[PDB]
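A single chain comes next, written as structure tokens; it is the form deposited in one PDB entry.
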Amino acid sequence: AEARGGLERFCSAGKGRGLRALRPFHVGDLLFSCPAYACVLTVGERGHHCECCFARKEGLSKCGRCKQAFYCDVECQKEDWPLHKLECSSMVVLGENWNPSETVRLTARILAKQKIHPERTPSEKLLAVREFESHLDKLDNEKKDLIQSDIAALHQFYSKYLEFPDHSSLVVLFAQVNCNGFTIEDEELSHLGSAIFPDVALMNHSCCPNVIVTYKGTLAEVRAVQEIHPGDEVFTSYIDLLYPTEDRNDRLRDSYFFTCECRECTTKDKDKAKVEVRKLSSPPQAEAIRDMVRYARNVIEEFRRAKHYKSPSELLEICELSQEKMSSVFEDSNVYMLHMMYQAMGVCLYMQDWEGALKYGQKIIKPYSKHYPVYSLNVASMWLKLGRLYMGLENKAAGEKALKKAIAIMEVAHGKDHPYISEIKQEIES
């Protein structure tokens, strides 16, 4: 018998172990699904999504003791209890002082799961957590310090409720989480939480992926976005494909310890349109473009840092400031301009500035459609957010057209029967 029908684990030369198709898969076909081995809901979503299954529901029943964990029903509460019990009492005693990072909370759950079920689970038919690559030999000083900081935080927040393996085993585990972890995003690409999907972790990376990972609660689903021929390796993208080749590879080396050699990374064809410059009298010299690229990659970091000391209103100004400055060199379609417009849209949405968010959305959509693949969750989510803004702003004609563009991509990536599709169709009707 086949562990996963039409697929097998194999040795991909220069890429360790990988996933291969045995039979053809065509666009929109489901290769496999994988329940979460461990998952944790992001703090920001407490009271809005079930802590166990991540369902977005009104009227979630809360935990009687800590009054902090929220659930669909007693069944979700019971499934989560082995994990929630590690935090419940600590959240009662320490208030806002109990703040382990999301990665630390996830790793605590993996430790709890490993102890109870040493044998392979249904989320490990092809690759087990114990087999995950860690790359300890490639970790630099800063990366080693970060893991050590995470281990101290784990002892700090869980020592009273969780027994630990030796320090070296914890180092290996946090390192495995870094190169095999997933984040779960909703239909608008909002961050819901972090998870471990061992069989999904088997797939190698390509900047030209042939599959897309989506979620049905905490169940990961893998669907083909191009034909996958018998014998082909199955590739997902580990990163945001919007960025130029150098940016993507700096991210792949930093988190996954490899340099990509895919067709897009070899030819760099998309880089010209991604770093688009404006047609002026001059025009911009290569040195001046390099300076704006460096300014752009720094403002990305400036914005992230500013979240700690600046108000949303101020963060919006950083985005406004940057766009104005970069526009002397950069076209609106330039990816660095889009990064700032996207961040500005999120701030607008947060400050209830529906109109400001809609104007940003209207500028992002066309360049997103060009830069991203045909089936991209980033493009689908942008059409959806645009559709929802128009619908909310009493423009049903433009709203319906945008929601329909989102559904058409989502039918491929999420499957025609996905609950997100039914939800959007119910928004078109009512």
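Heads up, when I say rigid core I mean the largest set of C-alphas that superpose within 1.5 Å between the two forms. The numbering used is simple: start at 1 and walk along the sequence shown.
When 372-380 is weighed against 66-74, 66-74 comes out higher, by mean CA B-factor as recorded in the entry. According to the PDB record, 347-355 carries the higher mean C-alpha B-factor of the two stretches 121-129 and 347-355.
In the PDB entry, the Cα temperature factor peaks, among 178, 311, 168, 101, at 311. Across the options 229, 135, 294, 105, the residue with the most elevated CA B-factor in the record is 294. Sorting the modelled residues of the chain by their CA temperature factor places residue 58 in the highest third. Residue 48: CA B factor in the highest third of modelled residues in this chain (values from the PDB entry).
Residue 396: CA B factor lies in the highest third for its chain, per the PDB record.
Ranked within its chain, residue 160 lands in the highest third, by CA B factor from the PDB record.
For residue 191, the recorded CA B-factor ranks within the lowest third of the chain. Only modelled residues enter the ranking.
Another form exists, deposited in another entry; not displayed. Remarks below refer to it.
The only C-alpha among 302, 254, 291, 261 that moves by 2 Å or more between this form and the one not shown, given a superposition on the rigid core, is that of 302. Once the cores line up, the CA of residue 311 ends up 2 angstroms or more apart between this form and the one not shown.
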